[PDB]
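Trainee: Input: one structure, supplied below.
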Amino acid sequence: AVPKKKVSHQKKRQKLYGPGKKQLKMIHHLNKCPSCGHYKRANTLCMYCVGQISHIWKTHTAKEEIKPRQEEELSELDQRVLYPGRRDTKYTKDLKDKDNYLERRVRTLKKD
Amino acid sequence: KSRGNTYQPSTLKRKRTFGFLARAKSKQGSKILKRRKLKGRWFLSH
Amino acid sequence: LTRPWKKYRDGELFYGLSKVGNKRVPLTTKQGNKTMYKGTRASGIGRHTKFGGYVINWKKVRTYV
Amino acid sequence: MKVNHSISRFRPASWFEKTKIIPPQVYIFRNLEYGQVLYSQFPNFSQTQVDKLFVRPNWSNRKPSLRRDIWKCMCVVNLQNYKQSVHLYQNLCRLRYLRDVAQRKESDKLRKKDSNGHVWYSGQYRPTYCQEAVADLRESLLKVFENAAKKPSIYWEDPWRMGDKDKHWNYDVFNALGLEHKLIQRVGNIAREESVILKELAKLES
Amino acid sequence: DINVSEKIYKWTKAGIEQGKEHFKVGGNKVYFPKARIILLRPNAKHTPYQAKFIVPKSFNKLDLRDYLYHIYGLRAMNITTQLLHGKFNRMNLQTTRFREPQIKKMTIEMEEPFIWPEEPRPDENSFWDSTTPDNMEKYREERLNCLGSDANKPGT
Amino acid sequence: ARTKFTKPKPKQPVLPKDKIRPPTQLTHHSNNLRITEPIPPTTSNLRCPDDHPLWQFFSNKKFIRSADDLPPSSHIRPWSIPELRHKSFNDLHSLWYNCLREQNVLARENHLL
Amino acid sequence: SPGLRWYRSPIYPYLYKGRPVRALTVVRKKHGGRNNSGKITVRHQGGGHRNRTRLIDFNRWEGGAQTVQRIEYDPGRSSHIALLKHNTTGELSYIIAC
Amino acid sequence: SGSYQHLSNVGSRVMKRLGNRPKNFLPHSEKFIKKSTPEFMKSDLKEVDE
RNA sequence: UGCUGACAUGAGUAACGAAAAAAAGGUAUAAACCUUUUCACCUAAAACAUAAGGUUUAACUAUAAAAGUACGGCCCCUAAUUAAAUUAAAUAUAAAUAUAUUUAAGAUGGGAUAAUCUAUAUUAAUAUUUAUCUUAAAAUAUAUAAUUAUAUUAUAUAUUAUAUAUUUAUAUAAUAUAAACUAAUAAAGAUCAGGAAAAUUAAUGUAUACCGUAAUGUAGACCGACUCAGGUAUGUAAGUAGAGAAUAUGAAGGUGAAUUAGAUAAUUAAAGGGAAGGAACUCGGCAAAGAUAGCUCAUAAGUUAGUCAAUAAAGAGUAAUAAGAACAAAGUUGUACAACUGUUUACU
RNA sequence: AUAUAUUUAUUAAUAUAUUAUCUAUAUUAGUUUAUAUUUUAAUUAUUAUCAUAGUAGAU
Ligand SMILES: [Mg+2]
Ligand SMILES: [Mg+2]
Ligand SMILES: [Mg+2]
Ligand SMILES: [Mg+2]
Ligand SMILES: [Mg+2]
Ligand SMILES: [Mg+2]
Ligand SMILES: [Mg+2]
Ligand SMILES: [Mg+2]
Ligand SMILES: [Mg+2]
Ligand SMILES: [Mg+2]
Ligand SMILES: [Mg+2]
Ligand SMILES: [Mg+2]
Ligand SMILES: [Mg+2]
Ligand SMILES: [Mg+2]
Ligand SMILES: [Mg+2]
Ligand SMILES: [Mg+2]
Ligand SMILES: [Mg+2]
Ligand SMILES: [Mg+2]
Ligand SMILES: [Mg+2]
Ligand SMILES: [Mg+2]
Ligand SMILES: [Mg+2]
Ligand SMILES: [Mg+2]
Ligand SMILES: [Mg+2]
Ligand SMILES: [Mg+2]
Ligand SMILES: [Mg+2]
Ligand SMILES: [Mg+2]
Ligand SMILES: [Mg+2]
Ligand SMILES: [Mg+2]
Ligand SMILES: [Mg+2]
Ligand SMILES: [Mg+2]
Ligand SMILES: [Mg+2]
Ligand SMILES: [Mg+2]
Ligand SMILES: [Mg+2]
Ligand SMILES: [Mg+2]
Ligand SMILES: [Mg+2]
Ligand SMILES: [Mg+2]
Ligand SMILES: [Mg+2]
Ligand SMILES: [Zn+2]
């Protein structure tokens with residue numbers, strides 16, 4: 001149930017790193033994407049090219065934003081009177097800074 | 001019967017028992033207050 | 001998640017920084033029971049009625065001349 | 001004892017004619033807390049009226065409190081006949097129902113949304129409901145006059161509350177009628193002596 | 001002859017007609033008042049015919065009305081009072097906690113409307129320009145809360 | 001509880017066609033009613049006066065006095081007690097109220113800042 | 001019920017089946033057998049039914065003929081009490097019933 | 001800020017304690033201030049008491 | 001089993017706390033945030049109103065709006081009770097103090113008026129607990145005033161038509177569902193016999209103070225060291241079903257979560273089914289299994305006479321015959337001990 | 001009912017597409033249901049969810 005001794009430096013290290021099962025393997029199965037000449041996984045789509053195509057689809061197949069007439073044709077002063085500004089909470093501010101906590105996809109290296 | 005929740009707050013009761021004025025009014029409470037003052041306490045009572 | 005930037009369990013609270021603190025700090029108008037009335041030195045103006053109403057006494061009302 | 005008052009039921013034209021408490025008119029009430037509007041046949045109202053209007057409440061359109069201070073008269077609309085006023089009141093109730101239950105999605109689409117796709121608010125005050133009520137009032141009145149002497153009139157709390165006298169409120173039917181957009185006299189505590197003011201208005205057109 | 005509310009309304013109307021106070025003036029004559037009031041910007045829930053003030057915590061509704069009449073010449077017809085809560089604050093967790101001040105805010109209704117002047121641009125006014133102090137605050141946060149290898153991490 | 005053995009209840013006793021009263025209200029809401037877009041209240045209907053007494057809380061109708069709009073520190077001095085001592089009561093009272101007014105203007109601005 | 005099995009109480013049909021005169025009744029303050037210390041001095045006394053003590057005349061001073069109007073149940077004594085009415089005076093009073 | 005502290009004198013004792021820091025822990029107090037301030041703001045000379 | 005600090009080991013191991021998710025888009029930044037649609041879960045709640053509590057957590061600083069009527073406090077009044085208070089000498093007492101009496105405080109309670117809206121000030125003058133039956137009345141049908149069977153039976157409002165003051169008032173007549181529920185009324189059964197305390201006319205008044213109001217509240221926002229399957233007061237709690245607040249469903253509302261994706265060995269947990277046998281198991285039928293109406297009938301020995309035994313066991317009617325939702329309902333007996341309903345070692 | 005087309009002399013008739021089957025008032029306070037009035041406010045085929053895999057018979 002309980003360790004009888006302080007496990008030594010040797011014995012913890014040979015346990016962890018000695019076996020190949022536990023080690024990380026080289027990703028030999030990279031290959032060139034045909035659409036953009038960059039690294040991608042074998043039997044896998046290029047995340048750049050499919051992302052680009054998804055973006056294209058979004059730009060074309062776009063549901064139009066609903067802008068109400070009455071709010072679109074308000075005067076500036078009138079709009080200010082109706083819908084004044086406010087102090088956002090700390091939480092709200094944190095939520096707004098998305099680049100702090102949201103990871104954009106990185107581009108791979110160009111294949112040789 | 002699970003224990004641990006022996007504190008059951010109720011502001012009124014707290015102020016009656018452990019409030020400053022209750023301490024002031026009793027002789028014993030006044031002595032306590034004095035003792036706390038001597039010690040240097042920032043908060044003498046609830 | 002309570003907040004999406006904190007995915008894992010840091011020792012951060014649901015709200016604020018610390019739950020604990022000095023309980024012995026003077027009461028305000030907001031705190032206490034329904035019966036707890038603090039007041040704000042605003043109205044020694046008139047007189048409370050027998051029935052629970054109030055009757056202003058204008059000789060004891062502040063004008064700013 | 002006598003349980004029911006004038007307010008306790010819906011009152012048709014015949015009842016009004018029999019009694020004559022007030023002239024032919026409909027009262028409209030802003031909610032200072034949430035911005036919601038409350039129509040009524042009388043210058044007072046009860047929980048029953050609130051229940052009737054606020055039938056499908058949610059977080060956005062919460063069922064309002066009946067506390068007297070937050071309710072304030074937006075608009076007092078007078079008409080040519082008791083029957084006409086009753087019909088207007090019914091139309092308003094119908095419109096409200098449509099907005100809440102039947103044709104809710106269309107109403108939502110029409111409204112102003114903020115970022116994160118909610119109907120624009122400041123606190124729990126939502127300024128769209130009032131606007132809708134003004135638009136709904138305009139619609140109901142128009143319908144009444146299509147269906148169809150004293151010149152009718154709409155005594156406003158505030159002249160600002162009109163969308164625009166050019167863009168709206170200048171239909172041909174209204175003009176033919178002589179729809180006078182007056183405002184309530186603010187020479188006194190408008191909130192506190194509201195009932196008195198309403199009584200005075202009622203007296204004026206009789 | 002007539003009811004109380006109606007009488008009050010009549011009195012108010014008479015006072016308005018006079019150009020005298022639209023309300024019964026008190027007897028406790030304060031010649032040299034030290035109270036200041038902060039005219040606030042209007043919220044969405046208010047109209048152009050309303051104005052809200054931060055006032056003294058010991059300021060009465062009647063007192064406020066009197067102040068508005070005599071100091072400024074404005075007649076507030078209806079007045080409400082909103083005493084705010086005092087949330088707990090502390091400089092750091094090593095310090096003692098205490099409440100922020102309960103602050104009294106009184107809305108008034110007035111017979112003529114009012115809309116504030118439009119707030120200035122960043123380039124125009126020196127003081128009303130939140131970029132600098134906010135940036136400074138951010139920099140302070142970075143520097144105090146920077147620990148190890150985030151010292152090398154470039155500044156925002 | 002409901003069971004295999006539960007026989008259904010009888011239908012409610014309807015009042016006959018002749019005996020039922022005609023309802024007091026006959027003609028209800030218009031079926032033609034339509035959800036129109038809202039009509040947002042406009043400043044154009046207002047006539048905010050140029051001498052509204054609430055402008056007295058501002059200074060030259062400015063949301064905020066800039067550094068140039070403010071009176072500079074070298075040019076300005078507070079009153080000396082001796083100077084005050086030979087002023088009349090009414091004058092002193094007026095001065096006090098002017099001071100208070102100025103504070104209010106600054107207090108509004110200071111708070112905003 | 002097995003609790004009913006041994007419940008005997010004497011039936012008095014002549015006994016009054018109404019409330020006592022309210023002017024002659026004071027509240028019967030409960031103690032739980034606790035003295036001014038707040039400590040249980042007398043054991044085995046506690047939360048009974050609510051009661052009113054009845055002011056019954058033991059001294060019997062006034063004199064003159066008095067008619068017994070009714071005979072009542074009294075919760076604070078084993079005896080019945082008799083509501084007397086003074087024939088001349090008309091003053092009302094309680095007395096231990098014979 | 002979103003403070004409201006400036007319209008009152010709340011937590012007065014605490015403020016006094018902070019304001020009147022002991023002089024032998026003045027380097028401690030100012031070390032972190034120096035760190036906080038940018039190069040163009042900070043000065044080398046000692047901020048003397050009133 | 002020294003004290004304090006720092007850092008190891010177990011170990012990148014267990015665990016990430018009852019849980020239903022999917023796609024598209026915000027965004028070529030999202031398992032976790034927002035929106036839309038789909039799907040699910042709670043639904044006499046995981047809903048909607050509130051009480052208490054609390055680092056304001058809120059839809060936020062441009063912040064929770066009250067003269068009063070199905071608005072609370074404050075105020076008046078007092079209960080339980082409390083009081084360095086109160087009375088040459090109230091009484092007692094090593095001091096502290098204690099007692100009795102006064103006065104003052106003290107809500108968990110009582111408190112005038114009100115939409116046909118309402119006016120609270122000043123001065124003067126003399127109600128434990130339970131029940132709404134039977135009878136009687138008239139009404140509706142069958143038979144030949146009287147019988148039989150069936151509901152109805154005190155109050156709550158609009159309409160119409162009359163008679164009196166003069167379209168506003170008063171009274172009368174007639175018209176008009178069922179089932180729950182409310183308040184107010186009346187009469188009244190039982191012993192366990194049911195709070196306390198604070199006047200009326202007239203004249204003159206009344207410019208209506210202060211505080212509470214967010215959100216959370218069977219909970220991530222309180223008490224449990226934690227965003228803890230624990231503890232936490234009250235009122236509404238769509239319909240369909242039913243004796244019902246049981247049980248099923250779920251209109252609306254709210255929610256689908258600081259862990260995910262896969263795989264589903266051994267093994268564990270919590271479930272479902274099982275041939276032939278049927279307690280052979282085991283200390284012991286522990287556990288599991290077992291309900292051939294729940295309504296209406298009927299129901300023994302014994303016995304303290306109490307359908308106590310009884311919700312008797314078996315059994316009948318209605319329903320169903322191959323079965324085909326949930327929930328209520330789980331035998332009979334002998335002996336020892338204790339009359340019985342209760343109480344007990346909060347955590348063996 | 002709206003929108004888009006075709007015929008007809010904006011109207012009516014036809015075709016296609018989309019949305020809808022609500023609502024309000026009476027029956028003495030409230031709630032539900034019922035009927036009447038009001039309104040355009042529908043009844044057949046086939047699915048799904050939930051109730052221990054809802055239960056049961058096979059597999
Ligand atoms: Mg503890
Ligand atoms: Mg105690
Ligand atoms: Mg603690
Ligand atoms: Mg509170
Ligand atoms: Mg009040
Ligand atoms: Mg009012
Ligand atoms: Mg208030
Ligand atoms: Mg004994
Ligand atoms: Mg050692
Ligand atoms: Mg291991
Ligand atoms: Mg393992
Ligand atoms: Mg694991
Ligand atoms: Mg995405
Ligand atoms: Mg249930
Ligand atoms: Mg809630
Ligand atoms: Mg008292
Ligand atoms: Mg109370
Ligand atoms: Mg609250
Ligand atoms: Mg609320
Ligand atoms: Mg806590
Ligand atoms: Mg614990
Ligand atoms: Mg919990
Ligand atoms: Mg139900
Ligand atoms: Mg649903
Ligand atoms: Mg919730
Ligand atoms: Mg979880
Ligand atoms: Mg088997
Ligand atoms: Mg078998
Ligand atoms: Mg064996
Ligand atoms: Mg068993
Ligand atoms: Mg027998
Ligand atoms: Mg069972
Ligand atoms: Mg026993
Ligand atoms: Mg135990
Ligand atoms: Mg009814
Ligand atoms: Mg239809
Ligand atoms: Mg379900
Ligand atoms: Zn590519």
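Chain labels run A, B, ... following the order of the structure tokens; each chain numbers its residues from 1, and ligands are numbered from 1 in the order shown.
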Using only C-alpha atoms (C1' of nucleotides) and all ligand atoms, find each protein or nucleic acid residue lying at most 9 Å from ligand 28; present the set as a PyMOL selection string.
Mentor: chain I and resi 274-277
Trainee: Store the residues picked out above in a file with C-alpha atoms (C1' of nucleotides), as a PDB file, in the first residue's frame.
Mentor:
```pdb
ATOM      1  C1'   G I 274     -31.547 -17.184 -16.625  1.00  0.00           C
ATOM      2  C1'   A I 275     -32.305 -24.297 -18.164  1.00  0.00           C
ATOM      3  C1'   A I 276     -32.889 -28.272 -14.474  1.00  0.00           C
ATOM      4  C1'   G I 277     -33.397 -27.965  -9.301  1.00  0.00           C
TER       5        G I 277
END
```
Trainee: Residues within 12 Å of ligand 12, counting only C-alpha atoms (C1' of nucleotides) and all ligand atoms: report them as a PDB file with N, CA, C and O atoms (P, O5', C5', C4', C3', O3' and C1' of nucleotides), in the first residue's frame.
Mentor:
```
ATOM      1  P     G I  12       6.628   9.053 -12.506  1.00  0.00           P
ATOM      2  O5'   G I  12       6.453  10.238 -13.558  1.00  0.00           O
ATOM      3  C5'   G I  12       5.339  10.291 -14.475  1.00  0.00           C
ATOM      4  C4'   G I  12       4.039  10.512 -13.736  1.00  0.00           C
ATOM      5  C3'   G I  12       2.783  10.531 -14.607  1.00  0.00           C
ATOM      6  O3'   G I  12       1.734   9.964 -13.820  1.00  0.00           O
ATOM      7  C1'   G I  12       2.952  12.566 -13.477  1.00  0.00           C
ATOM      8  P     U I  13       0.295   9.638 -14.449  1.00  0.00           P
ATOM      9  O5'   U I  13      -0.319   8.595 -13.412  1.00  0.00           O
ATOM     10  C5'   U I  13       0.198   7.253 -13.308  1.00  0.00           C
ATOM     11  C4'   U I  13      -0.100   6.654 -11.950  1.00  0.00           C
ATOM     12  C3'   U I  13      -1.499   6.895 -11.402  1.00  0.00           C
ATOM     13  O3'   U I  13      -2.360   5.854 -11.857  1.00  0.00           O
ATOM     14  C1'   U I  13       0.108   7.473  -9.757  1.00  0.00           C
ATOM     15  P     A I  14      -3.866   6.176 -12.292  1.00  0.00           P
ATOM     16  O5'   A I  14      -4.554   6.591 -10.918  1.00  0.00           O
ATOM     17  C5'   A I  14      -4.942   5.592  -9.961  1.00  0.00           C
ATOM     18  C4'   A I  14      -5.451   6.249  -8.703  1.00  0.00           C
ATOM     19  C3'   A I  14      -6.733   7.061  -8.845  1.00  0.00           C
ATOM     20  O3'   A I  14      -7.918   6.270  -8.802  1.00  0.00           O
ATOM     21  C1'   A I  14      -5.149   8.265  -7.554  1.00  0.00           C
ATOM     22  P     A I  15      -9.180   6.665  -9.711  1.00  0.00           P
ATOM     23  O5'   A I  15      -9.464   8.183  -9.314  1.00  0.00           O
ATOM     24  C5'   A I  15     -10.290   8.534  -8.186  1.00  0.00           C
ATOM     25  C4'   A I  15     -10.099   9.988  -7.806  1.00  0.00           C
ATOM     26  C3'   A I  15     -10.713  11.021  -8.745  1.00  0.00           C
ATOM     27  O3'   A I  15     -12.081  11.240  -8.412  1.00  0.00           O
ATOM     28  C1'   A I  15      -8.473  11.612  -8.300  1.00  0.00           C
ATOM     29  P     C I  16     -13.208  11.312  -9.553  1.00  0.00           P
ATOM     30  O5'   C I  16     -13.147  12.830 -10.035  1.00  0.00           O
ATOM     31  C5'   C I  16     -13.170  13.922  -9.094  1.00  0.00           C
ATOM     32  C4'   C I  16     -12.837  15.234  -9.772  1.00  0.00           C
ATOM     33  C3'   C I  16     -13.352  15.445 -11.192  1.00  0.00           C
ATOM     34  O3'   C I  16     -14.660  16.005 -11.251  1.00  0.00           O
ATOM     35  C1'   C I  16     -11.055  15.998 -11.090  1.00  0.00           C
ATOM     36  P     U I 259     -15.963  19.049 -12.955  1.00  0.00           P
ATOM     37  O5'   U I 259     -16.115  17.770 -13.894  1.00  0.00           O
ATOM     38  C5'   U I 259     -14.966  17.078 -14.421  1.00  0.00           C
ATOM     39  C4'   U I 259     -14.489  17.735 -15.696  1.00  0.00           C
ATOM     40  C3'   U I 259     -14.747  16.972 -16.984  1.00  0.00           C
ATOM     41  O3'   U I 259     -16.091  17.150 -17.420  1.00  0.00           O
ATOM     42  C1'   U I 259     -12.507  17.698 -16.958  1.00  0.00           C
TER      43        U I 259
END
```
Trainee: May I ask you to write as an MDAnalysis selection string all residues lying at most 12 Å from ligand 26, with only C-alpha atoms (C1' of nucleotides) and all ligand atoms counted?
Mentor: (chainID C and resid 1) or (chainID I and resid 16:19 32 220 227:229 256:260)
Trainee: Which parts of chain B does DSSP call alpha helix (DSSP H) when run on the backbone here, written out as a ChimeraX atom specification?
Mentor: /B:11-18,20-25,27-39
Trainee: Return as a list in words every polymer residue, whether protein, DNA or RNA, with at least one atom no more than 10 Å from an atom of ligand 10; count only C-alpha atoms (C1' of nucleotides) and all ligand atoms.
Mentor: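 Taking only C-alpha atoms (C1' of nucleotides) and all ligand atoms into account, the residues around ligand 10 at most 10 Å away are residues 1, 2 and 3 of chain A; 10, 11, 13 and 14 of chain I.
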Trainee: Write out the residues from the selection above, keeping N, CA and C atoms (P, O5', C5', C4', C3', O3' and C1' of nucleotides), as a PDB file, in the first residue's frame.
Mentor:
```pdb
ATOM      1  N   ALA A   1       0.823  -1.247   0.000  1.00  0.00           N
ATOM      2  CA  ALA A   1       0.000   0.000   0.000  1.00  0.00           C
ATOM      3  C   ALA A   1       0.841   1.275   0.000  1.00  0.00           C
ATOM      4  N   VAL A   2       1.947   1.248   0.742  1.00  0.00           N
ATOM      5  CA  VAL A   2       2.745   2.428   1.038  1.00  0.00           C
ATOM      6  C   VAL A   2       4.212   2.156   0.673  1.00  0.00           C
ATOM      7  N   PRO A   3       4.944   3.167   0.142  1.00  0.00           N
ATOM      8  CA  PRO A   3       6.356   2.909  -0.174  1.00  0.00           C
ATOM      9  C   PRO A   3       7.212   2.730   1.075  1.00  0.00           C
TER      10      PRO A   3
ATOM     11  P     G I  10       8.912   8.462  -6.854  1.00  0.00           P
ATOM     12  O5'   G I  10       7.585   7.820  -6.253  1.00  0.00           O
ATOM     13  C5'   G I  10       7.594   6.530  -5.614  1.00  0.00           C
ATOM     14  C4'   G I  10       6.344   6.352  -4.785  1.00  0.00           C
ATOM     15  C3'   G I  10       5.034   6.622  -5.509  1.00  0.00           C
ATOM     16  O3'   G I  10       4.569   5.450  -6.175  1.00  0.00           O
ATOM     17  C1'   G I  10       5.069   7.793  -3.445  1.00  0.00           C
ATOM     18  P     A I  11       3.460   5.561  -7.327  1.00  0.00           P
ATOM     19  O5'   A I  11       3.986   6.777  -8.211  1.00  0.00           O
ATOM     20  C5'   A I  11       4.107   6.684  -9.642  1.00  0.00           C
ATOM     21  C4'   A I  11       4.206   8.067 -10.243  1.00  0.00           C
ATOM     22  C3'   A I  11       5.570   8.750 -10.122  1.00  0.00           C
ATOM     23  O3'   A I  11       5.822   9.594 -11.238  1.00  0.00           O
ATOM     24  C1'   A I  11       3.947  10.070  -9.053  1.00  0.00           C
ATOM     25  P     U I  13       0.295   9.638 -14.449  1.00  0.00           P
ATOM     26  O5'   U I  13      -0.319   8.595 -13.412  1.00  0.00           O
ATOM     27  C5'   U I  13       0.198   7.253 -13.308  1.00  0.00           C
ATOM     28  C4'   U I  13      -0.100   6.654 -11.950  1.00  0.00           C
ATOM     29  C3'   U I  13      -1.499   6.895 -11.402  1.00  0.00           C
ATOM     30  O3'   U I  13      -2.360   5.854 -11.857  1.00  0.00           O
ATOM     31  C1'   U I  13       0.108   7.473  -9.757  1.00  0.00           C
ATOM     32  P     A I  14      -3.866   6.176 -12.292  1.00  0.00           P
ATOM     33  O5'   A I  14      -4.554   6.591 -10.918  1.00  0.00           O
ATOM     34  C5'   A I  14      -4.942   5.592  -9.961  1.00  0.00           C
ATOM     35  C4'   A I  14      -5.451   6.249  -8.703  1.00  0.00           C
ATOM     36  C3'   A I  14      -6.733   7.061  -8.845  1.00  0.00           C
ATOM     37  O3'   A I  14      -7.918   6.270  -8.802  1.00  0.00           O
ATOM     38  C1'   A I  14      -5.149   8.265  -7.554  1.00  0.00           C
TER      39        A I  14
END
```
Trainee: Please check which protein, DNA or RNA residues sit within 9 Å of ligand 4, counting only C-alpha atoms (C1' of nucleotides) and all ligand atoms, and write them as a ChimeraX atom specification.
Mentor: /C:30-34 /I:52-54,212
Trainee: Could you write those residues out with N, CA and C atoms (P, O5', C5', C4', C3', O3' and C1' of nucleotides), as a PDB file, in the first residue's frame?
Mentor:
```pdb
ATOM      1  N   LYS C  30     -27.930  48.340   4.845  1.00  0.00           N
ATOM      2  CA  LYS C  30     -28.318  47.161   4.058  1.00  0.00           C
ATOM      3  C   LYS C  30     -28.391  45.877   4.887  1.00  0.00           C
ATOM      4  N   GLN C  31     -27.568  45.789   5.932  1.00  0.00           N
ATOM      5  CA  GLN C  31     -27.419  44.557   6.714  1.00  0.00           C
ATOM      6  C   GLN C  31     -28.484  44.379   7.789  1.00  0.00           C
ATOM      7  N   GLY C  32     -28.543  43.159   8.319  1.00  0.00           N
ATOM      8  CA  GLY C  32     -29.427  42.813   9.425  1.00  0.00           C
ATOM      9  C   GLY C  32     -30.799  42.327   9.001  1.00  0.00           C
ATOM     10  N   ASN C  33     -31.697  42.274   9.981  1.00  0.00           N
ATOM     11  CA  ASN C  33     -33.052  41.743   9.815  1.00  0.00           C
ATOM     12  C   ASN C  33     -33.954  42.756   9.095  1.00  0.00           C
ATOM     13  N   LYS C  34     -35.223  42.398   8.889  1.00  0.00           N
ATOM     14  CA  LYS C  34     -36.250  43.373   8.488  1.00  0.00           C
ATOM     15  C   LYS C  34     -36.412  44.467   9.549  1.00  0.00           C
TER      16      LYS C  34
ATOM     17  P     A I  52     -35.062  38.850   6.035  1.00  0.00           P
ATOM     18  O5'   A I  52     -34.096  37.695   6.552  1.00  0.00           O
ATOM     19  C5'   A I  52     -34.189  37.230   7.910  1.00  0.00           C
ATOM     20  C4'   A I  52     -33.225  36.095   8.153  1.00  0.00           C
ATOM     21  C3'   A I  52     -31.749  36.399   7.938  1.00  0.00           C
ATOM     22  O3'   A I  52     -31.175  37.103   9.034  1.00  0.00           O
ATOM     23  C1'   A I  52     -32.285  34.284   7.010  1.00  0.00           C
ATOM     24  P     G I  53     -29.934  38.084   8.795  1.00  0.00           P
ATOM     25  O5'   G I  53     -28.876  37.155   8.047  1.00  0.00           O
ATOM     26  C5'   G I  53     -28.056  36.229   8.782  1.00  0.00           C
ATOM     27  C4'   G I  53     -27.206  35.399   7.847  1.00  0.00           C
ATOM     28  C3'   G I  53     -26.156  36.154   7.052  1.00  0.00           C
ATOM     29  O3'   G I  53     -25.022  36.398   7.880  1.00  0.00           O
ATOM     30  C1'   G I  53     -27.266  34.592   5.647  1.00  0.00           C
ATOM     31  P     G I  54     -24.326  37.844   7.914  1.00  0.00           P
ATOM     32  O5'   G I  54     -23.340  37.794   6.664  1.00  0.00           O
ATOM     33  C5'   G I  54     -22.260  36.846   6.618  1.00  0.00           C
ATOM     34  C4'   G I  54     -21.971  36.447   5.192  1.00  0.00           C
ATOM     35  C3'   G I  54     -21.426  37.541   4.291  1.00  0.00           C
ATOM     36  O3'   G I  54     -20.030  37.722   4.508  1.00  0.00           O
ATOM     37  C1'   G I  54     -23.106  36.333   3.149  1.00  0.00           C
ATOM     38  P     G I 212     -31.390  51.687   2.589  1.00  0.00           P
ATOM     39  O5'   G I 212     -32.302  50.385   2.681  1.00  0.00           O
ATOM     40  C5'   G I 212     -31.881  49.229   3.426  1.00  0.00           C
ATOM     41  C4'   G I 212     -32.915  48.136   3.327  1.00  0.00           C
ATOM     42  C3'   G I 212     -33.286  47.711   1.916  1.00  0.00           C
ATOM     43  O3'   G I 212     -32.333  46.766   1.440  1.00  0.00           O
ATOM     44  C1'   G I 212     -35.254  48.056   3.183  1.00  0.00           C
TER      45        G I 212
END
```
Trainee: Please return as a PyMOL selection string the residues found within 7 Å of ligand 17, counting only C-alpha atoms (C1' of nucleotides) and all ligand atoms.
Mentor: chain I and resi 107-109
Trainee: Taking only C-alpha atoms (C1' of nucleotides) and all ligand atoms into account, which residues have an atom no farther than 10 Å from ligand 18? I'd like them as a list in words.
Mentor: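 Within the 10 Å cut-off, the matching residues are residues 30 of chain C; 50, 51, 64, 212, 213, 214, 215, 216 and 217 of chain I.
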Trainee: Residues within 8 Å of residue 48 (chain C), please, as a PDB file with C-alpha atoms (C1' of nucleotides), in the first residue's frame. Count only C-alpha atoms (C1' of nucleotides); anything in the same chain fewer than 6 positions from it doesn't count.
Mentor:
```pdb
ATOM      1  CA  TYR C  54     -45.254  60.308  10.104  1.00  0.00           C
ATOM      2  CA  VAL C  55     -46.057  64.011  10.551  1.00  0.00           C
TER       3      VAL C  55
ATOM      4  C1'   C I  75     -43.623  54.239  15.129  1.00  0.00           C
TER       5        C I  75
END
```
Trainee: Using only C-alpha atoms (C1' of nucleotides), which protein or nucleic acid residues come within 12 Å of residue 42 (chain B)? Drop anything in the same chain fewer than 6 positions from it, and give the result as a compact mmCIF listing (two decimals) with N, CA and C atoms, in the first residue's frame.
Mentor:
```
# COMPACT_ATOMS: atom_id res chain seq x y z
N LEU B 33 -13.68 44.42 27.38
CA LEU B 33 -13.38 45.53 26.47
C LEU B 33 -12.09 46.25 26.84
N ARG B 36 -9.09 44.03 26.11
CA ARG B 36 -8.83 44.08 24.66
C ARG B 36 -8.14 45.37 24.24
N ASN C 22 -12.40 39.96 8.52
CA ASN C 22 -12.85 40.51 9.79
C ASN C 22 -14.37 40.70 9.81
N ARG C 24 -16.04 41.51 12.52
CA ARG C 24 -16.30 42.61 13.45
C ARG C 24 -16.00 43.95 12.79
N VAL C 25 -17.01 44.46 12.08
CA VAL C 25 -16.91 45.72 11.34
C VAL C 25 -18.32 46.33 11.32
N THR E 96 -6.51 44.67 6.45
CA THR E 96 -7.86 44.48 6.97
C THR E 96 -8.88 44.87 5.91
N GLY H 11 -12.44 53.35 6.18
CA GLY H 11 -11.28 52.53 6.53
C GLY H 11 -10.13 53.41 6.97
N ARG H 13 -8.37 54.19 9.82
CA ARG H 13 -7.23 53.64 10.57
C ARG H 13 -6.25 52.93 9.64
N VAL H 14 -6.79 52.10 8.76
CA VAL H 14 -6.01 51.34 7.78
C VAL H 14 -5.23 52.29 6.86
```
